[PDB]
């Protein structure tokens, strides 16, 4: 029961060590979750002049927020979508970082762009260098993409009590892309055919797509169908509905992506994962 925040970086890490052992989790994982939460709190301070989020969390960080550390893949990336524009995001986050949150501060590396076919405006990558009460704490790779169709019309707001458990009580509340659009974008990515020297390595999306299907539960799959149509049309690459092929090097990638998830009811082989996701494609495609 911590009565006050950690005094310095050394005390922070001792508490994280204690919580990680209490919860049966690897320290490095809890530590990197905390760093993503800190970054997310900076991003949640970014609003338009109505108070609406400028940045929505997506990708593996989002799944780790939705499912919890035990029930999600280890994510290294903090992926986000910018609701309004992307060049103003970098300077707004750096101000957020300098201003700080609960003792944490951040400095952000310069934004490099990326070529992605199908996206007129290009994603950006940079890095957050986090400090606690002066002493460097962790580094978080950040990617920012522009909005595509209605993938930023709405957002879910997710939380974590990880910082509470080490005596940082401030509320955590993170705006995230909704599940229909996460499914649409991961379905597109895992079935994408890459340019000759490039090769699709995204077998891990087969894990995430099973985890996201579990979370739609019995919901109408019609918002997910409309999101899939929109993404696949917006990107103007392979058509909807796609075929979930597996590539020759994917078996071990998929196995690597299953690490730590033995307790979940997931396909245990990449073939069965492809079969599971294909059935999910067909179910989404029948939802009118």
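Numbering follows the first chain given and starts at 1.
Chemist: Comparing 74-82 with 201-209, which stretch shows the greater average C-alpha B-factor in the deposited entry?
Modeler: It is 74-82.
Chemist: On mean Cα temperature factor in this entry, is 24-32 or 240-248 the higher one?
Modeler: The deposited B-factors put 24-32 ahead on the C-alpha mean.
Chemist: According to the deposited entry, which of 153, 115, 156, 148 has the largest Cα B-factor?
Modeler: Top of the list by C-alpha B-factor: 115.
Chemist: Just grab whichever of 183, 190, 174, 121 has the top CA B-factor as deposited.
Modeler: Reading the PDB entry, the winner on C-alpha B-factor is 121.
Chemist: Among the chain's modelled residues, which third holds the C-alpha B-factor of residue 131?
Modeler: According to the entry, residue 131 has a C-alpha B-factor in the chain's highest third.
Chemist: Grab the CA temperature factor for residue 55 from the record and place it in the lowest, middle or highest third of its chain.
Modeler: It belongs to the lowest third of the chain when residues are ordered by C-alpha B-factor.
Chemist: Where does residue 271 sit by CA temperature factor within its chain: lowest, middle or highest third?
Modeler: Lowest third - that is where residue 271 ends up once the chain's C-alpha B-factors are sorted.
Chemist: Among the modelled residues of this chain, does the Cα B factor of residue 178 put it in the lowest, middle or highest third?
Modeler: Tercile = lowest for this residue's CA B-factor.
Chemist: If you rank every modelled residue in this chain by C-alpha B factor, which third holds residue 257: lowest, middle or highest?
Modeler: Lowest third, going by the recorded CA B-factors of the chain.
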